[PDB]
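*Asks:* This is the structure, below, for whatever I ask next.
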Amino acid sequence: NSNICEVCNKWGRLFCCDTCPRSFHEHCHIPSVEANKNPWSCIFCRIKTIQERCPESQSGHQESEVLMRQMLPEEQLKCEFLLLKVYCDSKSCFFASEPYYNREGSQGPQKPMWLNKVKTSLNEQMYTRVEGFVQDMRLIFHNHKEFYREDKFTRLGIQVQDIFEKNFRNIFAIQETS
Ligand SMILES: [Zn+2]
Ligand SMILES: [Zn+2]
Ligand SMILES: [Zn+2]
């Protein structure tokens, strides 16, 4: 197994996957690494199994159909993975914890949003459909763009949103288009 966490790329107290060489800090993995369970399979392994059990799940989908899906176990897992993929980028640090807004010439967003809040929401089963999760994720970056206006710091929102959107299209097998 790897000697660094797959998400944050640091060493420390790591839990190793039994079916692939990835390792995780307890609260870097999503969901948090489970108490017992030997063997234990990580979220990358669990997602791969879904695809392997239903190869047709990789055919193209319309985003509008994906968003209306109810958050049954497999969609819940897919959203957890997609959130994890965003935390894997080091630029996620900017969006992880609760933000605050005091900048000359800007007003804060009406509905602040951040990754740790989406993480809690997922953990507490607060989303009933994929759309709930996706809307909160996209709101993070939209609030950032709106607040930072012409500051070049706006680009961090663009960059992390691109990571999100690529991974959304991959995980939920959205039909490729130009
Ligand atoms: Zn970690
Ligand atoms: Zn694994
Ligand atoms: Zn089948």
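Please note: Cβ atoms are built from the backbone with ideal geometry, for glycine as well, and neighbour counts cover all protein chains shown. Just so it is clear, none of the values below were taken in a lab; they were calculated from the coordinates.
*Asks:* What is the gain in length, in nm to one decimal, between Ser90 and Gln70 on full extension, counting 0.36 nm per residue of separation less the C-alpha to C-alpha distance?
*Replies:* That works out to 4.2 nm of additional length.
*Asks:* May I ask you to give the average projected area over all directions of the convex hull of the Cα atoms of segment 1-59, in nm² rounded to one decimal?
*Replies:* Working: hull surface 17.9 nm².
In nm², the orientation-averaged hull projection of segment 1-59 is 4.5.
*Asks:* While we're looking at this one, here's another question. Between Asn3 and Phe153, how high is the FRET efficiency from 1/(1 + (r/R0)^6) when r is the Cβ-Cβ distance and R₀ = 30 Å? Nearest 0.05.
*Replies:* Details: r = 34 Å, r/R0 = 1.13.
Rounded to the nearest 0.05, the efficiency is 0.30.
*Asks:* Which number do you get for Rg(Cα) / (2.2 N^0.38 Å) in the chain?
*Replies:* 1.09
*Asks:* Right, another one. Magnitude of the Cβ-charge dipole of segment 1-59, K/R +1 and D/E -1, about the Cα centre, nearest 20 debye? The partial results should precede the final answer.
*Replies:* Numbers: 7 positive and 6 negative charges, 22 e Å.
That gives a dipole near 100 debye.
*Asks:* Between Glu52 and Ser32, how high is the FRET efficiency from 1/(1 + (r/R0)^6) when r is the Cβ-Cβ distance and R₀ = 41 Å? Nearest 0.05.
*Replies:* Details: r = 25 Å, r/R0 = 0.61.
Taking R0 as 41 Å, the efficiency between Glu52 and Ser32 is 0.95.
*Asks:* Counting other Cβ atoms within 10 Å, keep those with at most 14, restrict to DSSP loop, and tell me which trypsin sites (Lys or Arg not before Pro) in segment 1-102 are left.
*Replies:* Counting only loop positions with at most 14 other Cβ atoms within 10 Å, the trypsin sites (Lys or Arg not before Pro) in segment 1-102 are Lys10, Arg13, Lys37.
*Asks:* If you plug each phi of segment 161-166 into the Karplus form 6.51 cos²θ - 1.76 cosθ + 1.60 with θ = phi - 60°, what whole-Hz ³J(HN,Hα) values come out, in order, with x for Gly and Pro?
*Replies:* Each residue of segment 161-166 in turn: 4, 4, 4, 3, 5, 4 Hz.
*Asks:* Convert each backbone phi in segment 169-177 into a coupling constant with the Karplus relation 6.51 cos²θ - 1.76 cosθ + 1.60 (shift: θ = phi - 60°), then list the ³J(HN,Hα) values in order as whole Hz, x for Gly and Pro.
*Replies:* 4, 5, 5, 9, 6, 6, 4, 4, 9
*Asks:* Now for a separate question. Test of understanding: given the chain, find the longest segment containing no GluC sites (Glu not before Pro) that are in a DSSP loop and have at most 15 other Cβ atoms within 10 Å.
*Replies:* 35-103
*Asks:* Further question on the same structure: Out of residues 5 or more away from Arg129 or on other chains, whose amide H comes under 5 Å of its own, with H placed 1.01 Å from N in the peptide plane?
*Replies:* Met71
*Asks:* Would you calculate the separation in nanometres between label points at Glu165 and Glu146, each defined as 7 Å from the Cα along the Cα-to-beta-carbon direction?
*Replies:* Inter-label distance under the simple model: 1.8 nm.
*Asks:* If amide H atoms are built 1.01 Å from N in the plane of the peptide, which residues on other chains or at least 5 residues away come under 5 Å of the amide H of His61?
*Replies:* Those lying under 5 Å, H to H, from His61 are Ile174, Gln175.
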